[PDB]
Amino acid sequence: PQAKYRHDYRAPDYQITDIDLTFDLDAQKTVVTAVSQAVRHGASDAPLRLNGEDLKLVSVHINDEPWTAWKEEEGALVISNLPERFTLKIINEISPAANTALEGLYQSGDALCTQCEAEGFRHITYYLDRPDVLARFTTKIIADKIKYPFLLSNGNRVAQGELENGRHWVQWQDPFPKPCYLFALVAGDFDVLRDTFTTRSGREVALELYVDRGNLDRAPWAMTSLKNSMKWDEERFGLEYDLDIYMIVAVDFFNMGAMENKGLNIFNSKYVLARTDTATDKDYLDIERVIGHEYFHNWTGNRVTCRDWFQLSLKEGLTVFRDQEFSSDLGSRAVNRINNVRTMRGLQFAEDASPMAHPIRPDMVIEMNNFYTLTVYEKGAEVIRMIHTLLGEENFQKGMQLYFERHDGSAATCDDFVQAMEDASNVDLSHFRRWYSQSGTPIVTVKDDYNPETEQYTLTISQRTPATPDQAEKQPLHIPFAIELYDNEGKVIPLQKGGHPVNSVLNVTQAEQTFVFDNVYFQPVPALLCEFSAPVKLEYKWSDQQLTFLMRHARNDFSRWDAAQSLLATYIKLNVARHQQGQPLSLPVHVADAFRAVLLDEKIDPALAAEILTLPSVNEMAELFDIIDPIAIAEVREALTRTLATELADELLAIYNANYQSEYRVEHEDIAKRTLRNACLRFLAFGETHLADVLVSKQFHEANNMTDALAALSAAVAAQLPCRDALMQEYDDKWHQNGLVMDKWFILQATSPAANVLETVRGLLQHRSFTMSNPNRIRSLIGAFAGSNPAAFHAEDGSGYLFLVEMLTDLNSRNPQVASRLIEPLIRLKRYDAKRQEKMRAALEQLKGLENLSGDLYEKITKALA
């Protein structure tokens, strides 16, 4: 497999302006007729090179003349000797039922559906499968009326007909030119939830949510979230929907989360279906996030698209930013920020320290499906957020406005977007652009001094990004570094110098620089990198008392949680070292006291309390260490939980009871109280065994919603309580017919601390609710084991690696995209001890030797073994 490079981008030799597609649909053999109007822009002797994969070519015509001047090559149809303007007609066959990779046209249960991003359209017909080729689509679909009574594509229905032999047809037209990755087709039988949204300016939009027969009871929340997204984009960004119909189709078989195809989004059912007995608070908020996300792409991705796939973050960073802003505006901003920062520090930093490290705008890609990453998405969003921090909301919105004014109806670049922001705001972003080109996590080191003679506070701030596998050269970045200074009363000290106020967002642009502040009337306690103002690791020599002071006094709830994290980091590191020496947990009394104070604080937002009382995950803990000891981390997390459970037992039970709610509401105040109650339950489960077992069993049985039931079940598994096996069996017996609900149970099985967890996981490959044919099931059992049970995955006998090799040997052939998702824990080998590295290396070497190794896995394996 050959790498492609960003610097090799060149405008296409040919454009296509219009394409008329006909599908004669059948699961075994679908016939595609594609009539394209093409224009040559390149040299008169340049051939037209069409991408195509796994197509059976039937005929090629140019202006209705059977064409003799063509050849098929690997992945392509090369057509020579063309006029400047012409009509290309391709007829070819494909086989949806054979498509186990779920890219192009495939089968999802009884439905046929498409996934074209990034390069799936070339699995449907021979085309210019590149996002800088925008064309106006019409789509005619012909199918069996009984099997496929709904035939959907992008845009509006313009024609329909009936045929003999029980077939019918519908034709769709989408007026907006689009790259082919935004093409969608769906055929099947569905229940349909229909509603309406009227835009600010009065455009009535028909909303249609297509779900499998019998699932209408699970559709209203997704519909509500769609309307909420539409309203918010109007209010916040001044953007209205631009078509007459908005369709969403929920499908069970889908490699990612959801897809923004123009006017016809296709969603993994996990991000659509919810009822209070099947879905948790987290599920509701994720449906809200993902519905919003795909909707927000209508402008940031569709109306302005990507010139090439190296510009993926142009749409993903910005749309992730938009979905975060949506969730934050509607819900708790602090909880959203906290959770997004957990993801950055615990998962994205890991990627940036791995063989797969890349800038948010990659320079080199072998398989583009490998670059739908934490970096491109979540770090991409942090980069957009830094622009927002530097510009402020008003200037940022001016930049958005200029971006659309310049680029609406075209494919643009990351650089185009930065230039629009810079031009609209008059803020210089020339240095800032380096965030697009440089991979790895910067480390920002802060030293301070207080001078009582002059009442000056001095911050000496340095930065460096360590070399990464992809880049030997690193340079200083433009780091927006937000600070606050607190006096002894917990009041904010005004930032000033030489009689003039100083902006609290410091521009850290050099390898080292000093900032001096005047009229600092008391030695300050600083809050540093406020609201995680740049995606960096902070090195500052905090005292415990500075941190507990911030937990008490910091103005922003994020800073209070972040202070608690810094406090915990010290003792997590202490206790991992102790575990390695065979010693039990040690924790100063004043540390437990800080968490007691959070429990008993009557003024603190329960949403914030809940997050402070949620310990960093084993993944967040891992990124505190150069060399990861996953067993020590797991056992320290448990020991810390047990210690706090014992020290805080009375307080935990009081707060658990105080936050009882008889009514279940998907409302932010209620969610906050419930998150706090369940955080308390988690500790209580690790307290005295009998009380724990009673409390957990009672909550599981008395729960009137899945949030509370799952919290209890999860605690029973985590703490290995007597009731565990009974509760797990009850859940299976009740829910086995419901895959999405069973995913939660497979996750609990996979992440179990039980000694026999791998045995159980292997056995579950035969479970009635499991199938290797379904990405969600695969991710919930196998993925959760490898990625979310590192203690078991990294068992010293190497059994975890061997299991993953076995699974990837199947998935490499079946569904390379899912295989590539699942190989990730194995490519982190350099973070582990020598003995583990050698076993993981052996595992990777076995995979490298697979017959018919997918490009997806090849790219990751070669980087890992380098």
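We number the residues from 1 along the sequence you see.
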{"query": "Mean temperature factor over C-alpha atoms, higher-scoring stretch between 320-328 and 166-174", "finding": "166-174"}
{"query": "Between the two ranges 140-148 and 489-497, the one averaging a larger CA B factor in the entry", "finding": "489-497"}
{"query": "Highest-ranked of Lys282, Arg333, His701, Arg779 once sorted by CA temperature factor in the record", "finding": "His701"}
{"query": "Residue with maximal Cα B-factor (values as given in the PDB entry) among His690, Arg236, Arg122, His358", "finding": "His690"}
{"query": "Chain thirds of CA B-factor: placement of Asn154", "finding": "lowest"}
{"query": "Position of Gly292 among the chain's modelled residues by C-alpha B-factor, lowest, middle or highest third", "finding": "lowest"}
{"query": "Among modelled residues of the same chain, the CA temperature factor third for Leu477", "finding": "middle"}
{"query": "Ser820 by Cα B-factor - lowest, middle or highest third of the modelled chain", "finding": "lowest"}
{"query": "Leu808 - Cα temperature factor, lowest/middle/highest third of chain", "finding": "middle"}
